Structure formats: structure tokens, C-alpha cells
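Residue numbers (this note's numbering), protein chains in the order written: chain D, 1265 to 1345; chain S, 74 to 125; chain U, 4 to 35; chain R, 4 to 741. For every residue, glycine included, the Cβ atom is placed at its ideal position computed from N, Cα and C.
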Amino acid sequence: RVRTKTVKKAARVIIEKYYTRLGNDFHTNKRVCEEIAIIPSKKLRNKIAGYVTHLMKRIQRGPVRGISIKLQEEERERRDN
Amino acid sequence: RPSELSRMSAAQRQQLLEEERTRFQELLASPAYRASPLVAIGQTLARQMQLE
Amino acid sequence: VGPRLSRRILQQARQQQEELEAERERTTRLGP
Amino acid sequence: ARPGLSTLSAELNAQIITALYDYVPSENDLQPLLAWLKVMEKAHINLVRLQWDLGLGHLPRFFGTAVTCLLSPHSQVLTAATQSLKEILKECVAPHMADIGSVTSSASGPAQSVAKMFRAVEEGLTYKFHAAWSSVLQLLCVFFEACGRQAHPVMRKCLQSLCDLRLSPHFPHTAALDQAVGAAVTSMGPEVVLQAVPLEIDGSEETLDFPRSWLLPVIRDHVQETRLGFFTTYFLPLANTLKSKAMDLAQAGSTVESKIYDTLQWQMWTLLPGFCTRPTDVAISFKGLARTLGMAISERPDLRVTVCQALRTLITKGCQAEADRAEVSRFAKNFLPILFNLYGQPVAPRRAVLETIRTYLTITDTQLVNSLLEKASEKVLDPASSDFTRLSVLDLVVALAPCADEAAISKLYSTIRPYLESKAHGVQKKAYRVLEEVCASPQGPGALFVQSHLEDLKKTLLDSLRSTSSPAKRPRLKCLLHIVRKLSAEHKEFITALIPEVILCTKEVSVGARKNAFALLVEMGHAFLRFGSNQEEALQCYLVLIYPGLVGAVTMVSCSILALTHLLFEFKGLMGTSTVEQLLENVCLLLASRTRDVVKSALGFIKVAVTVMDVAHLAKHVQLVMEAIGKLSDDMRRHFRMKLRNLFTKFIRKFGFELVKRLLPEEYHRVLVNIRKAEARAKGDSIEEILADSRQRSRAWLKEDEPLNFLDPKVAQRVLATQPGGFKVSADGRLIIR
RNA sequence: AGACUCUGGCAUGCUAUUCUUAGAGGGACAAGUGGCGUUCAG
């Protein structure tokens, strides 16, 4: 199967918003997405968790500077509110 | 008994197999299924369609 | 600076270097 | 043409190339300049082939102009130049590198030429190019790959200078520059690389943005031919200190630095699969890493998937020689009791563990396989074990199976033989799985078991037919797969008693056993080609044994056509083409039945029949096939719309166009002309780059701080090659997605 | 040669319930392994 654009658009917003709180496996971020987005369809929650898990398997292999500054700004919006 | 095999239980599939075992062993040794194999099968679907 | 101005600067800066390094008939026969 | 010594002498070419240096036409005419450096490629490659050590003598002057001529504003100059330079290096330098040996900065002979090779290309890295940098980096990549091992004492200047390029604010060739350093690490090895460019992640730092973090992804994907002793003495002291540092800041309440320092240490446990590709010192340094890996797999859940992947690299491609095989096998007594604990521990990456198990027994001794087989069998037969623990060690039986001797396997088979009639499907599946895998070994003690219990397995697989569940079929077929391949001629009683199940297995609940069933029916035929001299009538014996499945119940008549569909795809001409049309004629009668299952397999037959059976013999049956298709039904046409529309496409391409309209009824006429319409119709890993919503190359941006100096060695940092510079939220704050 | 809609396999879980029921809750997502792969889609 191919991935629908509504899954992919929902995929990108979660990672840039709540990166710190999620993990690396499918089972971990299935728990998280239940607690972060309402996701009225169960099949959507199934698809959104895996494609988040697929990116998180990839983003971990990259250089950590892109991670490091993103953690810098994540708390920066977090401590302000 | 449903028509497709995905709907009945796993137990119900087994007597489908064991009745199938009987139906070949009575028919492979049948006198008609030694001369014209294709004709007998075609004639069997000929009467089966005619009844239904 | 931008693409158009920098293209002229790099080409001009190269040519000033060459006239610092700067300060016959071609060899028709090959065997002496 | 590369002429011989009588046609062209070696000393003649030196005079030619030195003469041709006086033309170099201007810089940018592109018509002879491509041809000019094409022959200087061709003259040099010929001069090297005749006398090689003189060949390195003339190389530096050509590479003087070749680096210089990269500045020409024509693109086709740039592509042809590096294509010339790469073919010199792949052919004139790479095989002859070993005779040169290691080169220092003070070489004298032909190695001094290699010093001038690299000193030329380093001049190709500064600010003056700024548009050839994608082309120069390709040149360095091959140049690193061929000469990196024997020229590492001179190459330390570029690796600094390659490092300072990536500090540019916007480098479009970040993807390419990693490829240059990555290949360089492959030949030189990270210990040399890290001396020229030191990592500054050596524990404690004042900042948090580590400017040289890109090295660690580079090293992971490219290290394959380095001694393993470097990883023990360098990274593990840094691995433990960073891990200790992050937990210290974890309890301090700050979750940002600890999350950074955790992410750093996890990335530098991923180097070990790289470091264990082809070690040169695995015979002596593997003793230094057994116990630390043993601790790091037991009490570290995060590193489990790394280490279990890491071992699989070491066994498969780091165990070529027999001397390296001993110490891994010498440590098998330690890792199995650890790895057995992790798999059976109640809840986790179990399947990551099981694949590591399957590899690790393939290299170990057989007596310890036998010993743990006894102990695992004790856990199975123990009634004081939970069902989860029972099924957990049952997989461990399957892994332990093929490496045992003939004696232990026969004891194991006697143990498992009463289990095949179990009502618990999980136990029955593992029970057939044991009998499957012991036949899967084509050689060794497992192959000996095949003819030993040959009657015993045959009766066991037949009396266990009546209590076989639906999920248990998939190992049963694979069990049947491996014994038909070694079955003798006096076993037709087994094969003919095996047909009604496997044809019924073609339409069972799973898809896994279906492809197992399709593959077996192929070799069931290959069983019958070996049982007769005249091949066609043997396979005619094969098909007449399955024809009575065409007459019976709606489940089996749809089953039988599916098998006949797959048989004709593989034994195309072995049937005898005269046999085909009657089978097509019977399925035409089958096409009229109201049940949708039979017409599902009937249309699939007609789809494959036209491909296999020849057009002239199909021409004799054009009328008969679509006479039934026309008068099927309204809904049956409406349901199977494109499947009928597909078989319409097959005829009109292969046959005449007008012929089908005369035989079809009215409704299919407007459908068919849509198909004539169709046949006329036919006539890179940073956060920003991965989260993407998905003349021209000569543009440079000067930057203007301290005033710009073009004669500064670090001026290439301050020139650039590219451009500088939604859902609804609930009252709870949770996102709303639709 | 349906990348349309919906839906099934097994529940010794809930409801008046292991064997007959009919409402709901689980589960399955190419999920995982290895090859062919533009190494990302397949």
C-alpha cells in the first residue's frame, strides 16, 4: 500500500511539535499518539503511528546538530508558556 | 455451512477434507473414470448444471 | 553580495593574481 | 588502438605529450578542448601500460593543467575533465599502488609523483573553483578509494580542509562531501582519520552544538576493513563516560542535555556493526569484547537491537578464515545462556533475538547443541511451565534442531511425534515447525535422518492429517516441500494421498500457506517427471488424478481450477497442446455457475490460457469462449468489469479487431471500442531536509565582520554556492486530525 | 490491469454466554527478516 497525504501531513506536525516525548519503536509512539491527537478513526491511529516510527528510525541516524538545536528551541517555546 | 472457506471454523474445515478423501478414492477406482477422463468430468458438469 | 556582483569580483580578483605571477616558437621537432 | 612496442616505442610517447603541452587552446572554446584532453588521457594511459614507472613521471604536469582547466565556464569541460582524471586513477594508479607502498612527505622515486598527484587536487578545493566542487569531490572520492591505504601520512591536510568546508553557512554539497570523507575512512581507517580531525565530544564541553558531529554518521556507514582493536581502546571509554554523564544530568531535572548525551552515545554504539565487517585482528581482540557485550545485552534494553544486529555482521562476513572461527565458537558457551534468557523473559525485541540465535548456532560446536537440546526438552516436558514459557522454548527447539547429530534428532523426533495431534494450535504449529526444519537441511546429520525414518515420517504425516488446524498448515506444507524433493519412485501411494489436501490448501485462510501450496504443486509435477521416461503421459497421469475435483462441491471446484491455473503457467509445453482446449471447454461450462468463487478462478484461467496456448489453436476456440461470456448475467458483468475488460484487450491485440463484434452481443460493443481508444492512447538526513512537503550553477555569494581576504587559507568558508538565508487544536490542547 | 466504499478469519475478553444466539470491545499495520532495488518508492 501507498501512504495517503492526510497521513503524511499529520505525520510531519507531530514530530516537530513533540519530538522529545516520543520513542523509537512502533509500540511506544502508538501510546503517545493516543495521548496527543484525538484521531477519530482507529485505522488512522494505526497508520499515523507507524509512519512516525519510520521517520524516527531515520532521524536518529542523522547528525545530532539538527537534533541539538531543535531540542534548544523545543524547551524555549516550552518554558515560555 | 457457508460457501467460502474463510467463514466456517477450523474444525468445520476438517470434515470437508475427510469427505473429499472419500470422494476421490471412490471415483479414481470407478469404472467410468478409466476410458474417457475428460468426457466423464464434462458429462458430470453437464448433468449438474441441468439439475441446477 | 549577490550573484552578479560577486561574479565580476571573483573574475577580477583572479586576473590581478595572474599579473603578479607573470612578473617562443612551438617545438615542431620532437626528437633532438 | 593501443599499439605494440614495434609500432610505438615507449620513449616516443614522452616526446609526443611534452610537445602537445604548447596548445591548450585558450580556456573556453569547448570544441577541440574536449578532444585535446581526450587524447592526453589516451596518450598517458598508453604510456603507463608500456613503462609504468615512467608513467608516474609524466603524470603531475598533466594534472597541473587538469585541475586548472576545471575553471572553464563550460559544463561539458567539467564533465569530460573529471571523467578523464577518474579513468587514469582507476586504471593507471590503482593496480600499481601496491608496488609503490607507503609514501611519506619526503619520497624520492615514483612515490614522489603520488605526492604531486594529491598536491594538485588540493589546489582544487579552495575558493577559486566554487562551482566545480561537486566535480572535485567526485575526483577525491575515487582518489581516496584507490590510494588511501598507502598514502595516509600525506593526506592529513585535506581532511582538515574537507572539515572546514562543511562549516560554510549553506553548503549544497553536504551530501557529496560525506561521500568523499566516507570513502576516505574506508581505505585509511578511522584511527588515522581521527588523528587529523579530532572529535571534541571527549566527555565534557562548554557548548551543546558539537560542530563536528557529522563524522559519526559517516564512520558508521563506511568502516569495513579496520582492525577491531581501535573500537575497544577508544570508544568504550567515551561510551561509558557519556552514558554516565547523561544519567547524572537526568536526576538534575534537566531533560535536554541528558537527551542530547543519550543520543550521542546511542549513535556511537552503532559503529560496532561497521567495525565488525572485516576485522583484521578478530583473532586477538574479540576476547576483549565478549564480556562487555555480555553485560551490555543483559541489563541495557536500548542497546539490544544494536548488539544483536552487530553479532550477525561478525559471523557472516568476518568469519572467512578458519583461525577466526575458533574464538567465536570458543565463546558460544557464554552467549547462548545469556541470549536464551532474553528470549524467554516475560513481558520487547524477541524477533531481533531469534535471528541472532539462528546465525549463532551455524558456527558453533555440535555437542553443546546436543546438551542444550536436552535441557530445553526438559523445560518442554515439565508440566510446571506456563504456556508462554512452553511456546518460548519451543522456538528454541526449532533453532536447536539442525545442528544436532543423528542421535539427538531421533530422540527429539520421538519426543515431538505425540505432539502433532495437540489441540493447542500454537503447540501444533511449532510441532510441525520442528519436523519442517529438520528436513530443510540438505546436508549433514539432518539429511541422514531423511532415509533413516523414511517410513516413520510418512505414516506420521498421514495419521496427523485429521487433527490439523488452519494455522498449522503453513509449516506442514514446508515440511511436505522438503521430502518430495528427495522422494523415490515407490512412493506414489504417498503422493496420491497428498493431493486432496494441497489442492484444498490453495484456498485456505492465510496467504502464506497458499504460496507454499502453489510452489509444492509445481514440484509435485517435478516428482512425476522423474518417475517416467516419456514425460508427457507422466504429467497426463498427474492431471487425471486431480480432475475429479472439478465435479464436486463449490469449495473444491473453485479450488481445482486455481491449481490448474498455476500448473499451466509452469508446464506450458509439457502438457501437449491438444490437452488444453478440452480443459478450456470444461471451464466454459463452469463459467455459468452462479457462485462467485468459481467464476473468480474461471476468469483467472482464461487470462492465463491465452498466454500459454498458441494463437492458431486459440483461433479454433474463439467462438466458444465468449459465447458463454456474453450470456453470463447483468450483475456478473457489473462485478467482474475490468477482468472481462482485460481479456477483451488480450484478444484484439493478438487477433483481428472486427472478429469479436460479430460474436459479442450488443452491450459489449460500446465497451470494446473504449479499448481501441486505450490502444490509441498508448501510441539529506538533517531535520529540515527529511521533513519536506513533497549559468545556473555558477552563481556565488560573497559574504560581508572581519574584512575578506582572498589569500586567506580559510576563505572558502565565506563563499557560498546557493541561496543564503496547520490543524485544529481542541480545548484540551490535543490535536484534531481529519 | 479496481491503489473506490464497506467488511470477514480468532476471541474460553463484556452484556441477557465454554457448545446455538446479537450488540459492543480487541486484533492486522507490510507489522518483522533477507534479497532485487535510483537505495526511496516498489
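Exercise. Secondary structure at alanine 324 (chain R), three-state DSSP: helix, strand or coil?
Worked result: As a first step, residue 324 (chain R) must be located in the fourth sequence, where it is residue number 321. If DSSP states are grouped into helix, strand and coil, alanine 324 (chain R) belongs with coil.
For this session: Let me know the secondary structure DSSP gives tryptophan 55 (chain R) once reduced to three states.
Result: Position 52 of the fourth sequence, counted from the start, is the residue given in the question as residue 55 (chain R). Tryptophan 55 (chain R): helix per DSSP, three-state reduction.
Exercise. Taking Cβ to Cβ, would you say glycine 277 (chain R) is nearer than 7 Å to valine 226 (chain R)?
Worked result: Indexing the fourth sequence from 1 puts residue 277 (chain R) at position 274. Indexing the fourth sequence from 1 puts residue 226 (chain R) at position 223. A contact, by the Cβ cut-off of 7 Å.
Exercise. Based on Cα-Cα distance, which residue from R:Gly555, R:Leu140, R:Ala114 lies nearest to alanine 154 (chain R)?
Worked result: Here the question's residue 154 (chain R) lines up with position 151 in the fourth sequence. Comparing Cα-Cα distances from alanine 154 (chain R) to each of R:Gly555, R:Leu140, R:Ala114, the minimum goes to R:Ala114.
Problem set entry | Candidates R:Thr614, R:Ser417, R:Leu667: closest to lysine 653 (chain R) by CA position | Stepping through the fourth sequence from its first residue, residue 653 (chain R) is reached at position 650. Cα-wise, what sits closest to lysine 653 (chain R) is R:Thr614.
Exercise. So, are the CB atoms of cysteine 482 (chain R) and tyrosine 422 (chain R) less than 7 Å apart?
Worked result: Along the fourth sequence, read from residue 1 onward, the residue named residue 482 (chain R) stands at position 479. Along the fourth sequence, read from residue 1 onward, the residue named residue 422 (chain R) stands at position 419. No, these two residues do not count as a Cβ contact at 7 Å.
For this session: Report buried or exposed for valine 383 (chain R), applying the criterion of at least 16 other Cβ atoms within 10 angstroms of its Cβ.
Result: As a working note, residue 383 (chain R) is residue 380 in the fourth sequence. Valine 383 (chain R) comes out buried.
Problem set entry | Proximity to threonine 509 (chain R) [Cα-Cα], best of R:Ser395, R:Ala450, R:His569 | As a working mapping, residue 509 (chain R) is identified with position 506 in the fourth sequence. Checking every option, the nearest Cα to that of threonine 509 (chain R) belongs to R:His569.
For this session: Hey, could you find the ends of the alpha helix (DSSP H) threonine 362 (chain R) is sitting in?
Result: As a working note, residue 362 (chain R) is residue 359 in the fourth sequence. Unbroken alpha helix (DSSP H) run through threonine 362 (chain R): 353-363.
Problem set entry | Residues near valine 356 (chain R) in its chain [Cβ-Cβ closer than 8 Å; skip 5 each side] | Within the fourth sequence, residue 356 (chain R) is the residue found at index 353, counting from 1. Correct list, in chain order: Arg307, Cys311, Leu342, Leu345, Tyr346.
Exercise. Under 7 Å between the Cβ atoms of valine 200 (chain R) and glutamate 1339 (chain D)?
Worked result: Along the fourth sequence, read from residue 1 onward, the residue named residue 200 (chain R) stands at position 197. Along the first sequence, read from residue 1 onward, the residue named residue 1339 (chain D) stands at position 75. No, the pair does not count as a contact, with Cβ atoms beyond the cut-off.
Exercise. Name the chain D residues that come within less than 7 Å of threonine 266 (chain R), Cβ to Cβ?
Worked result: Working through the fourth sequence from its first residue, we reach residue 266 (chain R) at position 263. Neighbours of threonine 266 (chain R) on chain D, chain order: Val1328, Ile1331.
Exercise. Between which two residues does the alpha helix (DSSP H) harbouring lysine 246 (chain R) extend?
Worked result: Within the fourth sequence, the letter at position 243 stands for residue 246 (chain R). Start and end: 232-253.
Exercise. Can you give, in chain order, each stretch of the alpha helix (DSSP H) that sits fully within the stretch 675-712 of chain R and has at least 4 residues?
Worked result: Runs of the alpha helix (DSSP H) inside the stretch 675-712 of chain R: 690-693.
Exercise. Checking contacts by CB at 7 Å: is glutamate 99 (chain S) closer than that to chain R?
Worked result: Within the second sequence, residue 99 (chain S) is the residue found at index 26, counting from 1. Taking Cβ atoms only, chain R never reaches closer than 7 Å to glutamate 99 (chain S), which makes this a no.
For this session: Examine chain R for any beta-carbon lying closer than 7 Å to the beta-carbon of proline 6 (chain U), and answer yes or no.
Result: Taking the third sequence and counting its residues from 1, one reaches residue 6 (chain U) at position 3. It does; some Cβ of chain R falls within 7 Å.
For this session: Indicate whether the contact test is met: 3 or more Cβ pairs, each with one atom in the stretch 1325-1343 of chain D and one in the stretch 203-217 of chain R, closer than 8 Å.
Result: Yes, the stretch 1325-1343 of chain D touches the stretch 203-217 of chain R.
For this session: Would you kindly report the start and end of the unbroken alpha helix (DSSP H) that includes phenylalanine 452 (chain R)?
Result: Taking the fourth sequence and counting its residues from 1, one reaches residue 452 (chain R) at position 449. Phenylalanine 452 (chain R) -> alpha helix (DSSP H) spans 448-455.
Problem set entry | C-beta neighbour in chain D for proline 201 (chain R), strict 7 Å | As a first step, residue 201 (chain R) is located in the fourth sequence; it is residue number 198 there, counting from the start. No, no contact with chain D.
Exercise. At a CB-CB cut-off below 7 Å, which residues of chain R make contact with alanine 83 (chain S)?
Worked result: Counting from one through the second sequence, the residue named residue 83 (chain S) turns up at place 10. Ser472, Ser473, listed in chain order.
For this session: Whole angstroms is fine: what's the gap from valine 722 (chain R)'s alpha carbon to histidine 173 (chain R)'s?
Result: Taking the first residue of the fourth sequence as position 1, residue 722 (chain R) is located at position 719. Taking the first residue of the fourth sequence as position 1, residue 173 (chain R) is located at position 170. Rounded to the nearest angstrom, the two C-alpha atoms are 9 Å apart.
Exercise. Among R:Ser455, R:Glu630, R:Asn243, which residue has its Cα nearest to the Cα of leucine 593 (chain R)?
Worked result: Residue 593 (chain R) sits at position 590 when you count from the first residue of the fourth sequence. Among R:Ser455, R:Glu630, R:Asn243, the Cα nearest to that of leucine 593 (chain R) is on R:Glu630.
For this session: For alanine 25 (chain U), go through chain R and note every residue whose CB falls closer than 7 Å to its CB, in chain order.
Result: Here residue 25 (chain U) refers to the residue found at position 22 when the third sequence is read from its first residue. Within chain R, no residue comes near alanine 25 (chain U); the closest Cβ sits about 15 Å away, beyond 7 Å.
Exercise. Of all Cβ atoms in chain D, is any one closer than 7 Å to the Cβ of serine 697 (chain R)?
Worked result: Here residue 697 (chain R) is taken as the residue at index 694 of the fourth sequence, counted from 1. So no, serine 697 (chain R) is outside the interface.
Exercise. Alpha carbon to alpha carbon, what distance is there between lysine 495 (chain R) and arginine 533 (chain R)?
Worked result: As a first step, residue 533 (chain R) is located in the fourth sequence; it is residue number 530 there, counting from the start. As a first step, residue 495 (chain R) is located in the fourth sequence; it is residue number 492 there, counting from the start. Straight-line Cα distance between these residues: approximately 12 Å.
Problem set entry | Assigned exposure category for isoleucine 1303 (chain D) - 16 Cβ within 10 Å defines buried | Here residue 1303 (chain D) is taken as the residue at index 39 of the first sequence, counted from 1. Label assigned to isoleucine 1303 (chain D): buried.
For this session: Could you work out which residues of chain S lie near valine 514 (chain R), taking near to mean beta carbons separated by less than 9 Å?
Result: Within the fourth sequence, numbered from 1, the residue matching residue 514 (chain R) stands at position 511. Near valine 514 (chain R) there are no residues of chain S at all, since even the closest Cβ is about 11 Å away, more than 9 Å.
For this session: Would you mind stating whether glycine 321 (chain R) and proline 282 (chain R) have Cβ atoms separated by less than 7 Å?
Result: Mapped onto the fourth sequence, residue 321 (chain R) falls at position 318. Mapped onto the fourth sequence, residue 282 (chain R) falls at position 279. Yes, they are a contact pair.
Exercise. Rounded to a whole number of angstroms, what is the C-alpha to C-alpha distance between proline 6 (chain R) and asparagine 49 (chain R)?
Worked result: Your numbering for residue 6 (chain R) matches position 3 in the fourth sequence. Your numbering for residue 49 (chain R) matches position 46 in the fourth sequence. Each residue's alpha carbon lies about 8 Å from the other.
Exercise. Would you report the Cα separation of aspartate 735 (chain R) and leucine 647 (chain R), rounded to the nearest angstrom?
Worked result: Taking the first residue of the fourth sequence as 1, we reach residue 735 (chain R) at position 732. Taking the first residue of the fourth sequence as 1, we reach residue 647 (chain R) at position 644. Answer to the nearest angstrom: the Cα atoms are 53 Å apart.
Exercise. Is the Cβ of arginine 1276 (chain D) closer than 7 Å to any Cβ of chain R?
Worked result: Start at 1 with the first residue of the first sequence, and residue 1276 (chain D) comes out as number 12. Interface residue, yes.
For this session: Return the Cβ separation of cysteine 442 (chain R) and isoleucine 498 (chain R) in integer angstroms, given the expectation that the two are a contact with Cβ distance under 8 Å.
Result: Against the fourth sequence, residue 442 (chain R) aligns to sequence position 439. Against the fourth sequence, residue 498 (chain R) aligns to sequence position 495. About 16 Å; that fails the 8 Å criterion.
For this session: Return the chain-ordered list of same chain residues with a C-beta closer than 7 Å to the C-beta of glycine 515 (chain R), the five sequence neighbours on each side being excluded.
Result: Taking the first residue of the fourth sequence as 1, we reach residue 515 (chain R) at position 512. If we look at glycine 515 (chain R) and ignore the five residues flanking it on each side, its Cβ neighbours are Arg477.
Problem set entry | Local conformation of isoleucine 739 (chain R) per DSSP, three classes | Reading the fourth sequence from its first residue, position 736 is the one you call residue 739 (chain R). Three-state result, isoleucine 739 (chain R): strand.
Problem set entry | Cβ shell of residue 146 (chain S) (< 8 Å), same chain only, five flanking positions each side left out | Residue 146 (chain S) is absent from the structure shown; chain S starts at 74 and stops at 125.
Exercise. If you draw a straight line from the alpha carbon of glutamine 626 (chain R) to that of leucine 666 (chain R), how long is it in whole angstroms?
Worked result: Position 623 of the fourth sequence, counted from the first residue, corresponds to residue 626 (chain R). Position 663 of the fourth sequence, counted from the first residue, corresponds to residue 666 (chain R). A straight line joining the alpha-carbon of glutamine 626 (chain R) with that of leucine 666 (chain R) spans about 7 Å.
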